[PDB]
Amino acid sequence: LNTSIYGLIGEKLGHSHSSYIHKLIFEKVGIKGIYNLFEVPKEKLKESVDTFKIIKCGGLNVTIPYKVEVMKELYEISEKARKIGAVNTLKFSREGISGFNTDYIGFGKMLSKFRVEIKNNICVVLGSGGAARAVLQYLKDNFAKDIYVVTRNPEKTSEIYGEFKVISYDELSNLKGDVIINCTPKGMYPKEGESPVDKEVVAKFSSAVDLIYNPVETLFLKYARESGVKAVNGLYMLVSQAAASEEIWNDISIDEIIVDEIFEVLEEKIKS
């Protein structure tokens, strides 16, 4: 009896709370499996993916720089991932490899779980990389009043996201709204003592969402604390995105109950 092999592929990979998460899920749902980080150089993405399909890989997450490039390899891609323009989850089957995006699903679980409403609210996104693509598709799918994308490079970014209001950090300081979301790397190692915005900016919103989960409170989120703004870090998203991958790989459903439990465990492990 073979052990199912699952993992994450990226070009260079560091430590990750995701693996531990997957391994907890395998125990809880009774899957005999491992989840490894696989470093794969750019010129070899296609050949490695072919071998994964050959050894019957149980399922792969994909990160940078392969979320778009990997799409070349898939015989099919979900509607959501197509729209988002990036795949972070690969399902292997008889036909070959198909693609999904479970950042979108994770982000939605996080808003529900802390009850952050979106529909009819004014939503502000900080940064245009990392998970901004999936977060912007979600906000729009859910009928935000308006969506701002705030960038260090307004000329570049507004070519990229033409249907959203793109603005500079300067312009943001004149804006008031409901929900403000950090999609930038400020606040996480090695930029941990930084915030993407000032507290006076944070103070004009009624919910602050950081997709960073370590540290569990970024400067950005402290700021939100001090100002009376509901604060959410990205731990629930990480745990939900991993549950959702496993759902698609193993064609199962994972109880919300398994998710909070993994969440509580990881939250402690991270704060320690």
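Numbering starts at 1 and follows the sequence shown.
Once the C-alpha B-factors are averaged per stretch, 154-162 and 85-93 rank with 154-162 first.
In this crystal structure, the stretch out of 56-64 and 212-220 whose C-alpha atoms carry the higher mean B factor is 212-220. Placement of the Cα temperature factor of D178 within the chain: middle third of the modelled residues, per the deposited record. Ranked by Cα temperature factor within the chain, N121 sits in the highest third according to the deposited record. In the PDB entry, a CA B factor belonging to the lowest third of its chain's modelled residues is recorded for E247. Per the PDB record, residue ranking by Cα B-factor puts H15 in the highest third of the chain. Sorting the modelled residues of the chain by their CA temperature factor places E43 in the highest third.
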